[PDB]
Amino acid sequence: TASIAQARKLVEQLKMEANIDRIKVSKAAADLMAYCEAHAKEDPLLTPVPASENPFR
Amino acid sequence: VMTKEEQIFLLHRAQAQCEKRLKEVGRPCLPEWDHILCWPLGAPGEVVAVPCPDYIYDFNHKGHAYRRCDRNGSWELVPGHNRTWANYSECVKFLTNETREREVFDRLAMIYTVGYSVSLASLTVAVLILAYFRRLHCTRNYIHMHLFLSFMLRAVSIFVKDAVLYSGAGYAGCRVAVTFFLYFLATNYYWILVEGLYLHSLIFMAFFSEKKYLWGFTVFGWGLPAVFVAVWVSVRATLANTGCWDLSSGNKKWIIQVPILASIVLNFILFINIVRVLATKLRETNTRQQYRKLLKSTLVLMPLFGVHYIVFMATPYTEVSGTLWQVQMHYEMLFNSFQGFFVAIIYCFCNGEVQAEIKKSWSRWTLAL
Amino acid sequence: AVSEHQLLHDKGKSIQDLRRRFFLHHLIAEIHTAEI
Amino acid sequence: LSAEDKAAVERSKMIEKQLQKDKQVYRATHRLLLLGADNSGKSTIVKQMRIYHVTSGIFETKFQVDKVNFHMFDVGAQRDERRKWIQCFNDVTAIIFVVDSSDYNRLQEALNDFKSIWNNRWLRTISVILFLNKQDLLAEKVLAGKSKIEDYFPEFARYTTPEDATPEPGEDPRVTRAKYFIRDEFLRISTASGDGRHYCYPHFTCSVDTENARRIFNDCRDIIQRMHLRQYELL
Amino acid sequence: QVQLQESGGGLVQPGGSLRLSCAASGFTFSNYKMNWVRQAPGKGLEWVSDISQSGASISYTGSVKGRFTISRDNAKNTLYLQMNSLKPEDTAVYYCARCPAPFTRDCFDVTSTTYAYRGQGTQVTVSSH
Amino acid sequence: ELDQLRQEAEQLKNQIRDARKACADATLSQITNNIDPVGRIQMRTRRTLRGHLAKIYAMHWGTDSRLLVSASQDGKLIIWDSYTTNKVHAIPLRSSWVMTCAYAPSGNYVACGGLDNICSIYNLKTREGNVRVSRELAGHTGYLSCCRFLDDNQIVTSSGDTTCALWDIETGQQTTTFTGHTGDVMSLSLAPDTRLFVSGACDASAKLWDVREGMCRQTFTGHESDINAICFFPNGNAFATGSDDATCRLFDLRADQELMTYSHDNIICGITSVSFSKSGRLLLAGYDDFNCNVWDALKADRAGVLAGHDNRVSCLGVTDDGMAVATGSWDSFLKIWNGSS
Ligand SMILES: CC(C)CCC[C@@H](C)[C@H]1CC[C@H]2[C@@H]3CC=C4C[C@@H](O)CC[C@]4(C)[C@H]3CC[C@]12C
Ligand SMILES: CC(C)CCC[C@@H](C)[C@H]1CC[C@H]2[C@@H]3CC=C4C[C@@H](O)CC[C@]4(C)[C@H]3CC[C@]12C
Ligand SMILES: CC(C)CCC[C@@H](C)[C@H]1CC[C@H]2[C@@H]3CC=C4C[C@@H](O)CC[C@]4(C)[C@H]3CC[C@]12C
Ligand SMILES: CC(C)CCC[C@@H](C)[C@H]1CC[C@H]2[C@@H]3CC=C4C[C@@H](O)CC[C@]4(C)[C@H]3CC[C@]12C
Ligand SMILES: CC(C)CCC[C@@H](C)[C@H]1CC[C@H]2[C@@H]3CC=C4C[C@@H](O)CC[C@]4(C)[C@H]3CC[C@]12C
Ligand SMILES: CC(C)CCC[C@@H](C)[C@H]1CC[C@H]2[C@@H]3CC=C4C[C@@H](O)CC[C@]4(C)[C@H]3CC[C@]12C
Ligand SMILES: CCCCCCCCCCCCCCCC(=O)O
Ligand SMILES: CCCCCCCCCCCCCCCC(=O)O
Ligand SMILES: CCCCCCCCCCCCCCCC(=O)O
Ligand SMILES: CCCCCCCCCCCCCCCC(=O)O
Ligand SMILES: CCCCCCCCCCCCCCCC(=O)O
Ligand SMILES: CCCCCCCCCCCCCCCC(=O)O
Ligand SMILES: CCCCCCCCCCCCCCCC(=O)O
Ligand SMILES: CCCCCCCCCCCCCCCC(=O)O
Ligand SMILES: CCCCCCCCCCCCCCCC(=O)O
Ligand SMILES: CCCCCCCCCCCCCCCC(=O)O
Ligand SMILES: CCCCCCCCCCCCCCCC(=O)O
């Protein structure tokens, strides 16, 4: 059967994915926490813009 | 029927005829202001009785009343000033005014007024509910709103007419009230017919372009009764124009009566066809439960059509009193007056779309707290 | 027929008839019945 | 300000007018969906009603009967999976489903496909039209007796002909029993779910049958009338 | 990751009995409907049987009506299918397949050629020796 | 022979799980316990766009945050002015069954596609002054599910053929073929740097793709059902997913695993569209229960409910400046939402 090629490609893809760099979830948590906090003031949805500056009167 | 304004005209013509006939050539004993006798011209001691003259109305001209004229020009009288002794009570034969007619009129008035009041309240609520929600905007709902508006106009016109000329000057206000009442009644009946016409067209003929007949149905339901009422008022004003239009004037009644009566038969036949189609669909879709659904659907569709008018459609005008008149009048002033409330109850409060919209609005309101 | 125009005609007839009643009755009473 | 916005307002009004004009022709046409297996004679059906009634993705066939425009779309070269793109076909007037009843092998797959379509949450609103194609092949093979149906459907040996079964003017009663048993099998699935939301219309269709367009037109009219009566809360 | 693995099979004499097992993982098994499919050699995939979420509704194919019994145990996270009264026409690779979306009453792409929520299957051969 | 390869592949799967577990220090919900909650958010419909005949399936926002394009199954594409509600263009599509639409970053091109398997491309800034079919792309044997623009000459395409492709506008041929998915690919989202993109398929998995190399880099299999919608975090280091199992998952590229899941007991219906805000603190996901829900991207609690649609919401979009959010559903109505002081 021709299914051998599919298995070989799956093995190659899994091997490629195995040799990648990974970062701890502790650093991942802080990256998203800081980004949202820094841009929280500039977010019209989080911080309601006054109706004078809001184009959607 | 002749009114007081015609009775005074007849009395004046009698006075004029006597005055012209008063110059002839025993004591004549000539009477006047009695508006009965102008006959005798002499023959003291005897007099002949003119039998119950016909020129006055509401008087059985089949008897006779005696008087007396004497030799010296005197009449039999105890109190002195009671001249021209008469026997007029032997011919009148119709007295003791009955109050049953007025009691029945007041009863029917009360019941139809309360029915129109409750129907107007319910239809106003239904109109407000339908006009608020945007999702309820549809051709079916547009025609329903038009029918409800016509019913409310009929109810308010009835209420106004109940006080224009039945309370307690010119006739301009009374004629306007009468013609408005007739126009609103005709428009209500024609819109009731239009409901069934639109349903039949949507089920049978259209199959497309349903939204293209809205203006046509609106014009047919509004303009045609207006033209009919215009013809009626023109005929009334140019033929007789006597008194107010509260009374009939002969065959001119059929100018409006026959057309509005005719729509009943057409709506009846449309209801026949639609119920037949419903029964055929129920039989084809496939039991004892089929009869229950058929009865449920046949009942609900009935008020929206001209049905229940066929019971007393063909009965001609009858007397004020009688078994046929009383039952027909009560039946009509009940069902016709309560029809609007029932139609509103069926097609606004019990409608699935309206209930769903009300539930959604209430859920949104309580969630905004 | 329509039973709301017939009612109007009947009530108008009743009112007019009652007025004519009162008129003719009071006239006849005054001229003749007071002597009885 | 207002001078420049006047052109935008005029363009918006023109676009609205064009949309309103196109709405009439859009609503006048009725959309249909054609579904079936490879063995089903969908190609023959579309060939018959595309001639008598005037990578590629899905196909489109336009035919007009009784001055009413109808549009039907076929699956085309799409993949076997259909659970994802079938939800967009929930606004069509009806689905024409073609079943081959002369094989007795893929019939079970046809039953499963019909059950999934009928019980689908998005397709439960719109009705499904059932066409039992290749009746002559079914009649011929059941007359021969070489291939049996009880082996694939043991309930057939105890099944009886319905009293309301109106047959053709002449044919073997064994054919009537076989064709109505298949119909009763399909209506059992159709009536197993759905409280009047959608209906099934069984019809017997042959490859050379020229009455398919009339049957579709009658079925579409019935669905439209039933939907209107449902909107009136009469059914 | 959602995965399925069937068990049970091998050479069985005609008229014997079998009992397949599969352990679902990676998803809420109690909220998903499960179907059984076998693939005969040289023939396409065909539906066999199915059982509802709570087991209240059970259906079977006409060819296997009454022959087989299907049951699920939510506690043990395992699906079962009893196979008795075998005949040599029943030789096929039995696969366990899931439905696409949970809390649904329609299961569409079970018989599809390629499905992402089916196990590898087990060989079942019924031959007389 | 196949058994040996399958056994070898099975072992490699355990290594990925062990590597992912080794980095699992603590849940993101635990570290976010000290942050201030967002609180209930009130959103009201400021503009209502109506005029579509059939159900609306997809829409996209422009770079200028002024014009948006919406796709409806009636075969008409209309560009709406969010500020003054006028329709600037109406494109009569050649195929009525359209499932997706895209807006070019420069505003000069608009693309759409669906069951026709052809990615129709329309030019707005034409010298003559009329919309026309610029180029039609063919080659996909399955339905067209999604498409996005990288620039005026390159367009990313997602179809149901379990494969994605990068198309050249001028050449009209597939520059690269993205292969590796097993189920139908539903939607993809482009990173802010227009360098890497991820796409969700109907196999409860997500993959990271590179437009330059054309090979997979990362794979996420946290979901349980088919992923319907997917969107990139504004920082380019994370992305959220929506599936039919009524749950939402956020994945990070560096961590290679989920951070937390968004789910609630009364929700039994899946998610159709999902997008982030400008700051990324708010995660708006369009659910099938006739309304949309706003989820906190750090606390994972419910922030608000965007109700008002009579049918399932099929598409959702947030402007580049976060000034407003527009949602399109199957009732042929577009609702634009904005906050208030
Ligand atoms: C449109 C916005 C403000 C949402 C709130 C909906 C309001 C305006 C709607 C929803 C339910 C409605 C009520 C439903 C029923 C009744 C009973 C009767 O007396 C008629 C009016 C009344 C009282 C309606 C008035 C309008 C109403 C209160
Ligand atoms: C609110 C809108 C829709 C309807 C208003 C109806 C108006 C025109 C009606 C309703 C009640 C009516 C009044 C009712 C009774 C009388 C006594 C009568 O001897 C003179 C006219 C007069 C004073 C009417 C004048 C017209 C009137 C004010
Ligand atoms: C609102 C609609 C239905 C009716 C409006 C018509 C107006 C002009 C009508 C309706 C009621 C009418 C009044 C009703 C009653 C009387 C007493 C009558 O001895 C003279 C006319 C007079 C004083 C009418 C004048 C005109 C009038 C005010
Ligand atoms: C006093 C009467 C005239 C008022 C209402 C009664 C009439 C109009 C109603 C009452 C019951 C109705 C019938 C009920 C059922 C059927 C059987 C169906 O196969 C044809 C319609 C038909 C025959 C209906 C015709 C209309 C009907 C006869
Ligand atoms: C006397 C004859 C000729 C007229 C018909 C009167 C009787 C039979 C009718 C008129 C009003 C009707 C009632 C009106 C209101 C309702 C509510 C609806 O939610 C169910 C039935 C019920 C409780 C009806 C029962 C039967 C009733 C049908
Ligand atoms: C029978 C003829 C003479 C009179 C016509 C009036 C009858 C048929 C009309 C008037 C009131 C109407 C009803 C109003 C409300 C309801 C409530 C419901 O749950 C059953 C339908 C029902 C009962 C309607 C059916 C038709 C109805 C009963
Ligand atoms: C569905 C309600 C029908 C009845 C409507 C209200 C009328 C009730 C009374 C009418 C008949 C009795 C007459 C009352 C007046 C009286 O004579 O004292
Ligand atoms: C539906 C809610 C309002 C219902 C109101 C019903 C009564 C309306 C007023 C008419 C009362 C009866 C006639 C007058 C009697 C009187 O004045 O004594
Ligand atoms: C919106 C609900 C109310 C609608 C309006 C109802 C008006 C009813 C008027 C009834 C007048 C009856 C007069 C009888 C004699 C009297 O009491 O003066
Ligand atoms: C827009 C809705 C209007 C509803 C009210 C309609 C009133 C109809 C006429 C009622 C007149 C009642 C008073 C009569 C005169 C009096 O006796 O004072
Ligand atoms: C469409 C409805 C109206 C058409 C018929 C109108 C007829 C009535 C007006 C003309 C006749 C007036 C009376 C003339 C004398 C007579 O007929 O004896
Ligand atoms: C459609 C217009 C109205 C109906 C047809 C015309 C009716 C009006 C003309 C009637 C006769 C004119 C002379 C009347 C003489 C009189 O006053 O006795
Ligand atoms: C189909 C609707 C037809 C409406 C008109 C029908 C024919 C007119 C009926 C009455 C004609 C005679 C009455 C007027 C004459 C008069 O009394 O002066
Ligand atoms: C299209 C269906 C028929 C339409 C016309 C129906 C007319 C029914 C009533 C005819 C007149 C009845 C009264 C005659 C005069 C009387 O005796 O008072
Ligand atoms: C719901 C049925 C119809 C309406 C109610 C029926 C009323 C019939 C009339 C009752 C009073 C008159 C009775 C006959 C004459 C009398 O002896 O007073
Ligand atoms: C003024 C008339 C009464 C008010 C209207 C009553 C009907 C509207 C609500 C529908 C109730 C349907 C019956 C089942 C539920 C219940 O008992 O309320
Ligand atoms: C008299 C005016 C108001 C009459 C009452 C109108 C109420 C409409 C909505 C009813 C409550 C929501 C639906 C409950 C379910 C049911 O109808 O059985």
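Engineer: Help me understand the state of the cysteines in this model?
Structural biologist: Disulfide: a covalent bond connecting the sulfur atoms of a pair of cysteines. All names here are of chain B. Per the counting criterion, the structure on display carries four disulfides over all chains. The partner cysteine of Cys18 in its disulfide is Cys38, sulfur to sulfur 2.0 Å. Its S-S torsion of approximately 105 degrees makes the covalent link between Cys18 and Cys38 right-handed. Overall, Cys18 belongs to the buried group, its relative accessible area being 2%.

Engineer: Which parts of the structure should I look at to understand the site of ligand 1?
Structural biologist: Residues and elements named next belong to chain B. Taken together, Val125, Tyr132, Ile358, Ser361, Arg364 and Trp365 make up all the residues around ligand 1. At the level of elements, α3 (100-132) and α10 (352-367) are the ones that each hand at least two residues to the shell around ligand 1. The biggest single contributor to the shell around ligand 1 is α10, with four residues.

Engineer: What is the right way to look at the site of ligand 17 in this model?
Structural biologist: Residues and elements named next belong to chain B. Within the structure, ligand 17 sits among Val125, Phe349, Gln355, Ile358 and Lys359. The contact in question runs from an oxygen atom of ligand 17 to an N or O atom on the side chain of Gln355, over 2.8 Å. For the shell around ligand 17, the element with the highest residue contribution is α10, accounting for three residues. Here the shell around ligand 17 is built from residues that sort into three nonpolar, one polar and one charged.

Engineer: Sorry, what's going on with the sheet that holds strand β1 (residues 44-50) of chain F here?
Structural biologist: To summarise the sheet geometry, strands pair through backbone hydrogen bonds and adopt either a parallel or an antiparallel arrangement. Residues and elements named next belong to chain F. Read from one edge to the other, the open sheet built from four strands follows the order β1-β28-β27-β26, with strand pairing classed as antiparallel. Of all strands in the sheet, those with a lone pairing partner are β1 and β26 (313-318), marking the two edges. Across the sheet, the mean angle from the axis of one strand to that of its neighbour is 20 degrees, orientation sign disregarded. Where β26 meets strand β27 (residues 325-329), five bridges bridge the pair, whose relative direction is antiparallel. Following the sheet pairing, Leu316 is matched in β27 by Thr327.

Engineer: Looking at this structure, I do not really get unusual backbone geometry. What am I missing?
Structural biologist: Notably, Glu233 of chain D is not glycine yet its phi reads approximately 60 degrees, a positive angle. Position of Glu233 of chain D relative to the elements: it lies in the segment after α6 (212-231). A positive phi angle is found at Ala204 of chain F, which is not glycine, with a value near 55 degrees. Along the chain, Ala204 of chain F falls in the loop between β15 (196-201) and β16 (206-210).

Engineer: In this structure, what is going on with the arrangement of the chains? I would like to understand it.
Structural biologist: If you rank the seven pairs of chains in contact by how many contacts each has, first place goes to chains A and F. Regarding chain A and chain B, which are not in contact, the minimum distance between any of their C-alpha atoms is 18 Å. There is a gap between chain C and chain F: no contact, and a shortest C-alpha distance of 45 Å.

Engineer: Help me out: how do you make sense of the interface of chain F and chain B in this one?
Structural biologist: Buried accessible area, meaning the area lost when the parts come together, often serves as the stated size of an interface. Across the contact, five residues belong to chain F and five residues belong to chain B. Our count for the chain F to chain B interface comes out at one salt bridge. Ionic pairing is found between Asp310 of chain F and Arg135 of chain B, a salt bridge with its closest N-O pair at 3.5 Å.

Engineer: In this structure, what is going on with the interface of chain F and chain A? I would like to understand it.
Structural biologist: With 62 residues of chain F at the interface, the matching set in chain A holds 39 residues. Overall, the association of chain F and chain A removes approximately 4,400 Å² of surface from exposure, summing both partners, and the carbon and sulfur fraction of that is 68%. Of all residues in chain F, the largest losses of buried area upon contact with chain A belong to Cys23, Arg254 and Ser279 of chain F, amounting jointly to 13% of the total for that side. If you look at where chain F meets chain A, you find two salt bridges. Two residues, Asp31 of chain A and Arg254 of chain F, come together in a salt bridge whose shortest N-O distance is 2.4 Å. Contributing elements (two or more residues each) for the side of chain F that touches chain A: α1 (2-22), α2 (28-31), β1, β17 (216-220), β20 (248-252), β23 (282-287) and β28 (333-338) of chain F. With twelve residues, α1 of chain F is the single largest residue contributor to the side of chain F that touches chain A. In terms of residue class, the side of chain F that touches chain A is built from 31 nonpolar, 16 polar and 15 charged.

Engineer: Just checking my understanding: could you explain the domain arrangement of chain B for this structure?
Structural biologist: Along its sequence, chain B is organised into domain 1 (1-95) and domain 2 (100-367). If you average the C-alpha positions of domain 1 of chain B and of domain 2 of chain B, the two centres end up 55 Å apart.

Engineer: Is there a simple way to think about the side chain of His223 of chain F in this case?
Structural biologist: With respect to the helices, strands and loops of the structure, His223 of chain F is situated in the loop between β17 and β18 (227-232). Side-chain polar atoms of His223 of chain F contact the side chain of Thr241 of chain F, separated by 2.6 Å. Separated by 2.6 Å, the side chains of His223 of chain F and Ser243 of chain F make a polar contact. Contact partners of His223 of chain F, with chain neighbours within four places excluded, come to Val2 of chain E together with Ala204, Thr241, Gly242, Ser243, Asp245, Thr247, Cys248, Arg249 and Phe251 of chain F.

Engineer: Where do I start with the pattern of salt bridges in this structure?
Structural biologist: Side chains carrying opposite charge are able to pair once their charged atoms draw close together. The final tally for this structure, using the stated rule, is 46 salt bridges over all chains. For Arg215 of chain D, the salt bridge is made with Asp209 of chain D, and the minimal N-O distance between the two is 2.6 Å. Residue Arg215 of chain D is classed as buried on the basis of its relative accessible area of 17%. For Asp209 of chain D, a relative accessible area of 24% translates into the label partly exposed. Between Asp296 of chain F and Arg281 of chain F there is a salt bridge, with its nearest N and O atoms 2.8 Å apart. Remark: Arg281 of chain F occurs in the loop between β22 (271-276) and β23 and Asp296 of chain F occurs in strand β24 (residues 291-296); sequence separation between them is 15 residues. Under the relative-accessibility criterion, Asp296 of chain F is labelled buried at 4%. Taken together, the shared-partner salt bridges connect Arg79, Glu81 and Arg83 of chain D, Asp109 of chain E together with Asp184 of chain F into one network.

Engineer: I'm lost on helix α3 (residues 107-119) of chain D in this one. Help?
Structural biologist: In an α-helix, one turn spans 3.6 residues, which is why side chains three or four residues apart end up on the same side. For α3 of chain D, with 13 residues, the first-to-last C-alpha span of 18 Å sits near the 18 Å given by 1.5 Å per residue. Turning to α3 of chain D, its buried residues number three or more, namely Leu107, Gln108, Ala110, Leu111, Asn112, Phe114, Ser116, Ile117, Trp118 and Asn119 of chain D. On its buried face, α3 of chain D is in contact with β1 (30-36), β4 (94-100), β5 (127-133), α5 (173-192) and β6 (200-204) of chain D together with β5 (45-51) of chain E.

Engineer: Hey, could you run me through the UniProt feature "disulfide bond" in chain B in this one?
Structural biologist: Residues and elements named next belong to chain B. Agreement with UniProt is obtained for the disulfide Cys18 to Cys38: its S-S length of 2.0 Å falls short of 2.5 Å. A sulfur-sulfur distance of 2.0 Å is found between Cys52 and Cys91, whose disulfide is recorded in UniProt, and that is short enough to count the bridge as formed. Of the two residues, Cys52 sits in the loop between α1 (4-20) and α2 (89-92) while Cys91 sits in helix α2, which places them 39 residues apart along the sequence. A single burial state applies to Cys52 and to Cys91, both of which are buried.

Engineer: When you look at the packing of α3 of chain B against helix α9 (residues 323-349) of chain B in this model, what are you seeing that I'm missing?
Structural biologist: Each pair of packed helices can be summarised by the angle the axes make with each other and by the distance between the axes. Residues and elements named next belong to chain B. The geometry of α3 relative to α9 is characterised by a closest axis approach of 8 Å and an angle of 10 degrees between their N-to-C directions. Classified by the interaxial angle, the pair formed by α3 and α9 is roughly parallel. Crossing hand, α3 versus α9: left-handed. Looking at the contact of α3 with α9, its residues break down into 20 nonpolar, six polar and one charged.

Reading the values: the criteria
- Residues numbered from 1 in each chain as written, not as in the entry; some residues may be left out.
- Chains lettered and ligands numbered in written order.
- Heavy atoms only, no water.
- Disulfide = S-S within 2.5 Å.
- Buried < 20%, exposed > 50% of the residue type's maximum accessible area, 1.4 Å probe, protein only.
- Near = heavy atom within 4 Å.
- Helix = DSSP H or I, 4+ residues; strand = E, 2+ residues; numbered from the N terminus.
- Polar contact = N/O pair within 3.5 Å; in protein donor to acceptor, adjacent residues only side chain to side chain.
- Nonpolar A, V, L, I, M, F, W, Y, C, P; charged D, E, K, R; others polar.
- Pairing = 2+ DSSP bridges.
- Axes fitted to C-alpha atoms, helices over the stretch in contact; angles between N-to-C directions.
- Contact = heavy atoms within 4.5 Å.
- Salt bridge = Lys/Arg side-chain N within 4 Å of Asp/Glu carboxyl O.
- Buried area = accessible area lost by both parts, 1.4 Å probe.
- Domains from an automatic or database assignment.
- Expected span 1.5 Å × (residues − 1).
- UniProt positions renumbered as here; feature names shortened; annotations may be inferred.
- Parallel < 35°, antiparallel > 145°, perpendicular 65-115°, else oblique.
- Left-handed = near helix turned anticlockwise from the far one by under 90°.

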